[PDB]
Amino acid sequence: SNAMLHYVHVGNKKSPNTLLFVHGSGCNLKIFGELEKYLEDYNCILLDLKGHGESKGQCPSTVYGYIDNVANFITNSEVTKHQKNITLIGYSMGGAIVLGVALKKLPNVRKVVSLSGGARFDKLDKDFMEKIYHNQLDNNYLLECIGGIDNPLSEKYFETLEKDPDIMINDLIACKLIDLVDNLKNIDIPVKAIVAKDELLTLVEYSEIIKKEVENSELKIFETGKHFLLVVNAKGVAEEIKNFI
């Protein structure tokens, strides 16, 4: 036995291109269920962060904790330690995490994608975050952020979110605390940000800052999709990963 994070391994396991997926606040690797369908030609590794999905333990309270956990996995897991061309794909809080991992300068991490993410989340809705600080999760606002559950894919994937609300609360507080912006200039590898213009949660402006600050960077703005862009337009998001890796 070992203390490695739980992961799922799918796709073309012999591909020279390894994609390591890192999920976001209050969810788990299940959130990538649609996106993984369009990336089958790659060696896909989907991680559960500590305390999420099948990875046991207390959820770290800071993005720095998650960054250290993910770096430990990359360096030490049998599934990544020998892989020479890793692209990190981080969604939501995972976007900040993969930017933080890029700053660790791991020899085998070659590119990063921040999907509906950011390096700082300073404009999170004040009333929503006040509730979070009072240990209350506004499901109406969460649904608004993902664009509702009328799309059957959205209904399905919304149900994959963690059932204990303490996890979402922990993760949103971690997001309100993180600020990697003034370190983005130190990232040596290519970074691509992908986001929907109609975001209420991970605003397009957060992705514009990533593009501005990282020297070798790309930005794709979809007109619509809100925070469930990776579910309702998984095919389009996958195309915008393929054109970058």
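Heads up: residue numbers just count along the shown sequence, starting at 1.
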Select between 171-179 and 146-154 the stretch whose C-alpha atoms have the higher average B-factor in the entry. 146-154
Greater mean Cα temperature factor according to the PDB record, 59-67 or 33-41: 33-41
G236: C-alpha B-factor third of its chain, per the entry, is the lowest
Of the three thirds of its chain by CA temperature factor, lowest, middle or highest, which one includes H23? lowest
How does the C-alpha B factor of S207 compare with the rest of the chain: lowest, middle or highest third? lowest
Where does the C-alpha B-factor of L47 rank in its chain, lowest, middle or highest third? middle
Name the third of the chain's ranked CA B-factors that contains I132, choosing lowest, middle or highest. lowest
